[PDB]
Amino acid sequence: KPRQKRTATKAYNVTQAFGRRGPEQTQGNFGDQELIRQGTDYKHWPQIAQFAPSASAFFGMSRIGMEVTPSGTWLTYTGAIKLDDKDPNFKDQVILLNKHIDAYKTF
């Protein structure tokens, strides 16, 4: 499957699907050891997935570019998604996201 359409699971985990976590610009930085090993089987995956954009929102919210780099042709994307501070789950969402952002620095 094209990288962007892959779904990580225990049998095909985040490292297998999307590479090792890291700081480089072509690397993903999200996930602690449990999420990396479990993918969408992770016990709190639906709480993470609620922030992932629909296809319409991905192209509607993001700043999209197209670049030729020494590795080939890339569609770039950047943006920001607001957390709903009136969601009763807000504080646990903050804790959950903090547990996974740049978690690889500690393993």
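When you see a residue number, it is the position in the sequence shown, counting from 1. So that the term is clear: the rigid core is the largest set of C-alpha atoms that superpose within 1.5 Å between two forms.
Of the two stretches examined, 63 to 71 and 48 to 56, the one with higher mean CA deviation in 9 other deposited structures of this protein after a rigid core fit is 63 to 71.
Higher mean CA B-factor, judged across 49 to 57 and 23 to 31 from the recorded values: 23 to 31.
Placement of the Cα temperature factor of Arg6 within the chain: middle third of the modelled residues, per the deposited record. In the deposited entry, the Cα temperature factor of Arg63 places it in the lowest third of its chain's modelled residues.
Annotation for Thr15: CA B-factor lies in the middle third of the chain's modelled residues. Sorting the modelled residues of the chain by their CA temperature factor places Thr76 in the lowest third.
When the modelled residues of the chain are ordered by C-alpha B-factor, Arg37 sits in the highest third.
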